[PDB]
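Undergrad: Sharing a structure here in structure tokens format.
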Protein chains: 4
Amino acid sequence: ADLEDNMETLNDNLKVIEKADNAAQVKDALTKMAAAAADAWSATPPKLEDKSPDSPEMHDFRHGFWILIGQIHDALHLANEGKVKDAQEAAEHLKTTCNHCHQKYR
Amino acid sequence: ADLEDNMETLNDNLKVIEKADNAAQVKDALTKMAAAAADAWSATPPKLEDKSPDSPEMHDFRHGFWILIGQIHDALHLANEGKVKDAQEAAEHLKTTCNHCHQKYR
Amino acid sequence: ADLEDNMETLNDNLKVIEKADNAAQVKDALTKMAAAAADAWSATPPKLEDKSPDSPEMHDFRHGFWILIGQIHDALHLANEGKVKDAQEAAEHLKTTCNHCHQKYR
Amino acid sequence: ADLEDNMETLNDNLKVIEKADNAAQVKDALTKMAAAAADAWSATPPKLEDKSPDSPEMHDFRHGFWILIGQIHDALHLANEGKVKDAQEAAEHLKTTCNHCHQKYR
Ligand code: HEC
Ligand code: HEC
Ligand code: HEC
Ligand code: HEC
Ligand SMILES: [Cl-]
Ligand SMILES: [Zn+2]
Ligand SMILES: [Zn+2]
Ligand SMILES: [Zn+2]
Ligand SMILES: [Zn+2]
Ligand SMILES: [Zn+2]
Ligand SMILES: [Zn+2]
Ligand SMILES: [Zn+2]
Ligand SMILES: [Zn+2]
Ligand SMILES: [Zn+2]
Ligand SMILES: [Zn+2]
Ligand SMILES: [Zn+2]
Ligand SMILES: [Zn+2]
Ligand SMILES: [Zn+2]
Ligand SMILES: [Zn+2]
């Protein structure tokens, strides 16, 4: 998918997690987020279209996805241990990584 | 790209790291390894084609890629820090993650 | 090496990072913060004095220090690659983790 | 505890995991290993006792404990999701991290 569609997948699944009843709903949504983040990895965003892939700016852009992917990994372990509310709350904290990238690169 | 071509990218760049004679060659190889691992995320290997996408087997397959991606992240920081031989040596330790997934799933 | 004193060390060194002129001051403060977090890992907080060491609350308490330690680790790598303003801004983001534990257990 | 007692705790609980009869034994042993690793973090080993705390060797020594602590963290999550065999096999893999530090500093 393109970068726009992977971002819509991240936004919509965050909302499904906040309104979940059960563990099954939370796990499935985190798995969809992990796939979207991994597919987005080598996208060039509009703001950096004149830069090389090996520039400081593109190395920094990719660093944001490493962090996001790490956080989704941990939240999914919480959900699979039966700590559903702890997983929802970790999902709420992911938003600061979202905002950090957007303020520099969007 | 498909799974077999992602694996050939991982294998070539591990050899570049070993024969490297400057820091730039090591940084560039690790970056290519990270891109290939993120692109492999979503693949279904031949041996698990008769399982569901949400099967315990496929969840465990994907967990191996989370582990590899995390180890590459740390190796790249070491290289950028000036600790280049330490980065090469950490790259050699990646082999046990490669071997673990192959024994279970290849 | 009691909990109160480890917390003073966390708070003091965060202010140092916020006011620093140079990269040496940031690296030293981050290293002191990691020491204090590792030293706090095994403490029993006053609010959980009545609980089993194996309770869900105490497992969760310890998990919070693992999260803080991982974030400090990343910020120090950024400082060591010359991305000093980025390490400073990352140190500021630590406050979300500080306050998440405080709201549950302080 | 001193460094020698922390290493005896690490060695003993690794054999406990290998020979475990049930899941509770594996979780307990991992939690004890994490405590010992966190307590060892600030120790000065005999081979480095004459160099300064800011030396590259002490920085590097401490980094190896961060790596060990992260691997125990992931293995405890696997045990708590019910993947206890996988947690046992992950614990076996820790040995290469133990051996790497011993090769360099013991
Ligand atoms: C960089 C490392 C990013 C991270 C981490 C996240 N996002 Fe993002 N997002 C990013 C860019 C560069 C853009 C602009 C893309 C463009 O072509 O215009 C976006 C955009 C969005 C959007 C909406 C705009 C659109 O797609 O048309 C949304 C809704 C969005 N991003 C959501 C989002 C969420 C929920 C994140 C974390 C969970 C997140 N993003 C992380 C770059 C990056
Ligand atoms: C699972 C999580 C894996 C990890 C981690 C790594 N590899 Fe892999 N590799 C995997 C599978 C399932 C397969 C079989 C692919 C097939 O279609 O048959 C492979 C294969 C390879 C190959 C052979 C490629 C071919 O065309 O047959 C190589 C050379 C290879 N893998 C290398 C490799 C390296 C160097 C890794 C780590 C650095 C690594 N792999 C990790 C699954 C997984
Ligand atoms: C739990 C996982 C915690 C994290 C992460 C952090 N803190 Fe904390 N802090 C915690 C507790 C249980 C307490 C109460 C201590 C008591 O005995 O009553 C505290 C306390 C503080 C204090 C006040 C200390 C005092 O003199 O009473 C400060 C100033 C403080 N904490 C700061 C702090 C900072 C800056 C953190 C992150 C950078 C942080 N804490 C994380 C539990 C936990
Ligand atoms: C450095 C970062 C280390 C890691 C990771 C591990 N070990 Fe270690 N170990 C280390 C040192 C410097 C020493 C020497 C201590 C001394 O004063 O001589 C050790 C020693 C041991 C010992 C022997 C203790 C003794 O009788 O003197 C054992 C049995 C041991 N270490 C086990 C061990 C295990 C099982 C580890 C991982 C699971 C491990 N160590 C990691 C430094 C470091
Ligand atoms: Cl080694
Ligand atoms: Zn965790
Ligand atoms: Zn899992
Ligand atoms: Zn961030
Ligand atoms: Zn930010
Ligand atoms: Zn090739
Ligand atoms: Zn590191
Ligand atoms: Zn970097
Ligand atoms: Zn492994
Ligand atoms: Zn294995
Ligand atoms: Zn990083
Ligand atoms: Zn919170
Ligand atoms: Zn994991
Ligand atoms: Zn847990
Ligand atoms: Zn080694």
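Just so it is clear, none of the values below were taken in a lab; they were calculated from the coordinates. Ideal geometry is used to build each Cβ from the backbone, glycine not excepted, and the neighbour counts take in all protein chains shown.
Undergrad: For chain A, take the longest principal axis of its alpha carbons; what is the angle in degrees between that and the long axis of helix A:56-80, to the nearest 10 within 0 to 90?
TA: Rounded to the nearest ten degrees, it is 10.
Undergrad: Quick one: label points 7 angstrom along Cα→Cβ at A:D21, distances to the other copies in nm, smallest first?
TA: Those label-point separations list as 4.2, 6.3, 6.7 nm.
Undergrad: In peptide C:81-93, what is the residue-averaged number of other protein chain Cβ atoms found within 10 Å of each Cβ?
TA: Values: counts 8, 3, 4, 0, 0, 2, 0, 0, 1, 2, 0, 0, 3.
Whole-number average of other-chain Cβ neighbours for C:81-93 is 2.
Undergrad: Could I ask something else about it? Hey, got a sec? Which GluC sites (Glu not before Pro) in segment D:20-106 land in a DSSP loop and have at most 12 other Cβ atoms within 10 Å?
TA: Within segment D:20-106, the qualifying GluC sites (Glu not before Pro) (loop, at most 12 other Cβ atoms within 10 Å) are D:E49.
Undergrad: With 10 Å bins from zero, work out the P(r) of chain D over every alpha carbon pair and list the percent per bin.
TA: Pair shares across the bins are 14, 48, 27, 10, 1.
Undergrad: Note the angle between two axes, namely the Cα long axis of helix D:95-105 and the longest principal axis of the Cα atoms of chain D, as a number of degrees from 0 to 90, rounded to the nearest 10.
TA: 10 degrees
Undergrad: Still on this structure, please answer the following. Suppose every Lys and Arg Cβ carries +1 and every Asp and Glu Cβ carries -1, with no other charges. What dipole size does the protein assembly as shown come out with about its Cα centre, to the nearest 20 debye?
TA: Using only the charged Cβ atoms, the result is roughly 20 debye.
Undergrad: Taking all pairs of different Cα atoms in segment B:1-49, averaging 1/r and flipping that mean, what Kirkwood radius in angstroms comes out?
TA: On the way: mean 1/r = 0.0868 Å⁻¹.
Computed over Cα pairs of segment B:1-49, the Kirkwood hydrodynamic radius comes out at 11.5 Å.
Undergrad: Moving to a separate point now. With a point put 7 Å past each Cα toward its Cβ, work out how far B:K15 is from D:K47 in nm, to one decimal.
TA: Reported label-point gap for B:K15 and D:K47 is 3.3 nm.
Undergrad: Still on this structure, I have one more. For chain D, build the charge dipole from Cβ charges (+1 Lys, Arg; -1 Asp, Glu) around the Cα centre, then report which of D:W66, D:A35, D:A23 sits farthest towards its positive end.
TA: D:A23
Undergrad: Can I ask one more? Can you give me the C-alpha center-to-center distance between segment C:7-28 and segment D:1-31, rounded to a whole angstrom?
TA: What the calculation gives is 36 Å, centre to centre.
Undergrad: With only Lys, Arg, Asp and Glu charged, each at its Cβ (+1 for the first two, -1 for the last two), find how big the charge dipole of chain A is about the Cα centre; round to the nearest 20 debye.
TA: Taking the Cα centre of chain A as origin, the dipole is about 240 debye.
Undergrad: Give me the log10 of I(q) over I(0) for the protein assembly as shown at q = 0.10 Å⁻¹, as the Debye formula computes it from C-alpha points; what are the numbers?
TA: Once normalised to I(0) and log-transformed, intensities are -0.72.
Undergrad: Given the options C:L3, C:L76, C:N13, identify the residue whose Cα lies farthest towards the positive end of the charge dipole of chain C (+1 on Cβ of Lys, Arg; -1 on Cβ of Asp, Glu).
TA: C:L76
Undergrad: In D, who owns the beta-carbon nearest the axis carrying D over to B, and how many Å from it?
TA: Nearest Cβ to that rotation axis, in whole Å: D:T96, 3.
Undergrad: On to the next question. Longer than 20 Å from Cα to Cα, which of C:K51/C:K104; B:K15/B:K95; C:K32/D:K47 are they? Say none if no pair is. Before the final figure, lay out the partial values.
TA: Values: C:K51/C:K104 14 Å; B:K15/B:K95 12 Å; C:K32/D:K47 23 Å.
Listed pairs above 20 Å: C:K32/D:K47.
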